[PDB]
Every structure is written in C-alpha cells, then in structure tokens.
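Asks: Take a look at this one; I'll ask things after.
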Amino acid sequence: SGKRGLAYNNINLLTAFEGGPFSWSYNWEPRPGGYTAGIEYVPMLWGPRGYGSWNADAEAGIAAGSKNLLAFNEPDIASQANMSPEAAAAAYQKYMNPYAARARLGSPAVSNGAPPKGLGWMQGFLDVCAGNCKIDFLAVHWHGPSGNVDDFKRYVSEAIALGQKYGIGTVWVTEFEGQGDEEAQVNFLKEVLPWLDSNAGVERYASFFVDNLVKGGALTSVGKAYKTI
Ligand SMILES: OC[C@H]1O[C@@H](O)[C@H](O)[C@@H](O)[C@@H]1O
C-alpha cells in the first residue's frame, strides 16, 4: 500500500481513479497540466528538449510539495531520449545534482531491452557517473507478453541488485505492461501487484498507463483490476 502510481497524458482521465489506493502521479512532462488534490505530482526532465525551462519547472514542482524528481525517459532507445551513457552522466550532474538538498533524485529510466540497452545502458551510465551522480533511486521499465511474468520478476530483482551494488537502496518501476488481451492483462496484474507490494526493494510503481485503462470515462476491466487488487 502507498506504492501504486498514476502515469497520464490527459489529466482529466485521473477522475475515474479518484478514491483508489494511489499516492503519486507523473505525465512524462515537467509540469502537471492541472491540479489533483491529495496526490504527489513528480516532475520529469524527459531529455535535452527540456534543458531550457528545467530550473523553473523544478522550482515550481518542489514549491507545490513534491519530494522527488525524475531524470531522462528511455535514453537507451532511439525513438525516446536517445542519449549515450557518457552524455547522460554529464547532463545528470548539470540538471539533477543541483536540486539534491531539496528533493530525492531518480535515475534515467531504462527499457527492458537486451544489454547494451536496458540495464546494460544503466551500467554504462553508473560507470561514467563514477560516483559523481547523486541518485536516491533507480527508475526502470518492463514491457512484454503477459506470459513472461518470470522474466518481469527476474528484471525487477536484477535492477534492485544493481542499485544495491552502487548504494542506491530502492527502485521505482515507472512503467510496466503485461501485454495481451484483457483476460491476459488482468491475470498479469493478479500475479505481479501483490508481489510488488510485498517486495521491500520496490518503493513505487505505475502500470502503463492511465489513458489506456479508461474508455470514455469508465475504467476497463484492466483499470478496475489496477484499482481493486
Ligand atoms: O503515451 C505515453 C507517453 O509515452 C512515452 O513513451 C512518451 O515518452 C511520452 O512523451 C508519452 O506521453
């Protein structure tokens, strides 16, 4: 309890979830797009496109009571932030480290791609950081067929171990998606949600994602499961 997050594009779609066991929200942007009473909004520095406004964006979100900031979104993937580990280590020290006295700082969020993507990219990043990146938690993503639940638990375990190796005590799984039809998607949530709630190495997580769990303004059967399990 208190771990479950709302990852959104349309802030209006959050209403369907009002009353459920949610503590936090993010929107892959530096600004929320509106106001949600009773939930922590966590601003994100997505990539180099956000460098210009980030100081302003980070001051605003902390003034509104966020305790956490998130760095770049899938820098290992060419259609997302598309940064080398070297460039990301230099950017993290310039734009993330300055706010450490006033917020806990999240790593760039890697995919579950095969090394040298994914957790391979995150090794590369910690190597170039070389102890000079201030990181409170690792941010990681997993997307795959609902039948590969065992691969999803191996991936989250290996992320927890990698952080501990570099004295980062927890992970946030800021996207996961057990893919398939609605029955397969609910079966995946029925397994992983209790396992993530019991896992001491996972501080926070968000299924991917609010706008796909709502039809009109009604929860799908997947959204209903994300609310009630
Ligand atoms: O569709 C959900 C979100 O997915 C992410 O992969 C993109 O980086 C965001 O900018 C987009 O809003």
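Residues are referred to by chain and number: the chain letter is A, B, ... according to the order shown in the structure tokens, the number counts from 1 in that chain, and ligands are numbered separately from 1 in the order shown.
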Please report, as JSON, numbers by chain, each residue of region 32-139 of chain A to which DSSP assigns alpha helix (DSSP H) when run on this structure's backbone.
Replies: {"A": [54, 55, 56, 57, 58, 59, 60, 61, 62, 63, 85, 86, 87, 88, 89, 90, 91, 92, 93, 94, 95, 118, 119, 120, 121, 122, 123, 124, 125, 126, 127, 128, 129]}
Asks: Enumerate residues in contact with ligand 1: an atom-to-atom distance of at most 6 Å, counting only C-alpha atoms and all ligand atoms. Format the result as a list in words.
Replies: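 For ligand 1, the residues inside 6 Å are residues 9, 28 and 80 of chain A.
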Asks: Show me, as a PyMOL selection string, the residues that have an atom within 10 Å of residue 200 (chain A) when counting only C-alpha atoms, minus same-chain residues fewer than 3 positions from it.
Replies: chain A and resi 160+169-171+195-197+203
Asks: Taking into account only C-alpha atoms, which residue in the set A:13, A:202, A:193, A:159 is nearest to residue 228 (chain A)?
Replies: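 Of the candidates, the smallest distance to residue 228 (chain A) is held by A:193.
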Asks: Measuring between only C-alpha atoms, which one of A:149, A:216, A:164, A:207 shows the shortest distance to residue 191 (chain A)?
Replies: A:149
Asks: Nearest residue to residue 116 (chain A) out of A:77, A:130, A:103, A:42, using only C-alpha atoms?
Replies: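 The closest residue to residue 116 (chain A) is A:77.
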Asks: Do a neighbour search on residue 76 (chain A) at 12 Å with only C-alpha atoms, toss out local chain neighbours closer than 3 positions, and write the hits as an MDAnalysis selection string.
Replies: chainID A and resid 47 72:73 79:88 108:125 140:141
Asks: Applying 10 Å and only C-alpha atoms, which residues near residue 36 (chain A) remain after dropping the ones on its own chain fewer than 3 positions away? List them as a list in words.
Replies: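 Near neighbours after the sequence-gap exclusion: residues 11, 12, 14, 15, 18, 24, 25, 32, 33, 39, 40 and 41 of chain A.
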Asks: Tell me, which residues of region 25-83 of chain A carry DSSP strand (DSSP E or B), written as a list in words?
Replies: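 Answer for region 25-83 of chain A, restricted to strand (DSSP E or B): residues 25, 26, 40, 41, 44, 68, 69, 70 and 73 of chain A.
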Asks: Do you have the CA of residue 102 (chain A)-CA of residue 52 (chain A) distance handy?
Replies: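 One can read the CA of residue 102 (chain A) to CA of residue 52 (chain A) distance as 20.1 Å.
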Asks: Of the residues A:223, A:144, A:61, A:98, which is the one nearest to residue 29 (chain A), using only C-alpha atoms?
Replies: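 Of all the options, A:61 lies closest to residue 29 (chain A).
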Asks: For CA of residue 176 (chain A) and CA of residue 209 (chain A), determine how far apart the two atoms are, in Å to one decimal place.
Replies: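 About the pair CA of residue 176 (chain A) and CA of residue 209 (chain A): they are 8.4 Å apart.
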Asks: Between CA of residue 2 (chain A) and CA of residue 215 (chain A), what is the spacing in Å?
Replies: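 Going from CA of residue 215 (chain A) over to CA of residue 2 (chain A), I get 25.4 Å.
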Asks: Of the candidates A:96, A:186, A:7, A:206, which shows the shortest atom-to-atom distance to residue 221 (chain A), using only C-alpha atoms?
Replies: A:186
Asks: Using only C-alpha atoms, which residue out of A:49, A:143, A:104, A:134 lies closest to residue 70 (chain A)?
Replies: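 Between A:49, A:143, A:104, A:134, the residue approaching residue 70 (chain A) most closely is A:104.
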Asks: Mind checking which residues fall within 9 Å of residue 22 (chain A), counting only C-alpha atoms, ignoring those fewer than 5 positions away in the same chain, and posting them as a list in words?
Replies: residues 1, 2, 3, 4, 5, 6, 17, 39 and 227 of chain A
Asks: Could you please take those selected residues and save C-alpha atoms as a CSV table (one decimal), in the first residue's frame?
Replies:
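Result file selection38.csv:
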```csv
chain,number,residue,atom,x,y,z
A,1,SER,CA,0.0,0.0,0.0
A,2,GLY,CA,1.1,3.6,-0.9
A,3,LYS,CA,3.3,2.3,-3.8
A,4,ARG,CA,0.8,2.5,-6.7
A,5,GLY,CA,1.1,5.4,-9.2
A,6,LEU,CA,-1.0,7.1,-12.0
A,17,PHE,CA,-9.3,6.5,-10.4
A,39,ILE,CA,-1.7,13.0,-4.8
A,227,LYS,CA,-7.8,-0.1,-8.7
```
